[PDB]
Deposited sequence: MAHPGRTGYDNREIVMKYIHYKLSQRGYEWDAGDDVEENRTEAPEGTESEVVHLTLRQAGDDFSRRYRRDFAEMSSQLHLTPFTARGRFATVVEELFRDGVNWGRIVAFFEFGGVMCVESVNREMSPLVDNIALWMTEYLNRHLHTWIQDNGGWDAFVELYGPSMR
């Protein structure tokens, strides 16, 4: 499955729900959206803390993203951390819009796509690909 499309559909949906029409395998997209909503409710303190402590500006966004992503996957990968990675990118995009720095969304989407293609892709494929994530979540 194309990771770039997965990132784009995911971010696009999150922003559209804030009235922001961003100028940017259906089961996979819907499943990821649901798993991410579940993650953010089940781990609300983490979600809420990250959201309020970003201190996001165009000068720091890339460094904050790199730092958090390296910390997230430090002890290895699992599907829950992959969902957390998407929700973190979503928090970054959402905060960028809230702070009137919406152009950052494009950079964020690229960094997410790159990290998936360069660092998560092998793990994902070794686990059977996104079909495995779909099965695990249900469908």
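- What the model leaves out of the deposited chain are the segments 1 to 8, 33 to 48, 164 to 166.
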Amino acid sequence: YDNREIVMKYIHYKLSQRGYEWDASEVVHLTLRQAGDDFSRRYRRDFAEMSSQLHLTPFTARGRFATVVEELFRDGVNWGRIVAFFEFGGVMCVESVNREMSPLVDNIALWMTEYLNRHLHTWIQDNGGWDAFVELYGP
From here on, numbers count along this sequence of modelled residues.
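- For the two regions 62 to 70 and 49 to 57, the entry's Cα B-factors average higher over 49 to 57.
- For the pair 116 to 124 and 12 to 20, the mean Cα B-factor is higher in 12 to 20.
- Per the PDB record, 26 has a higher Cα B-factor than any other of 87, 106, 26, 95.
- Ranked by Cα temperature factor within the chain, residue 32 sits in the middle third according to the deposited record.
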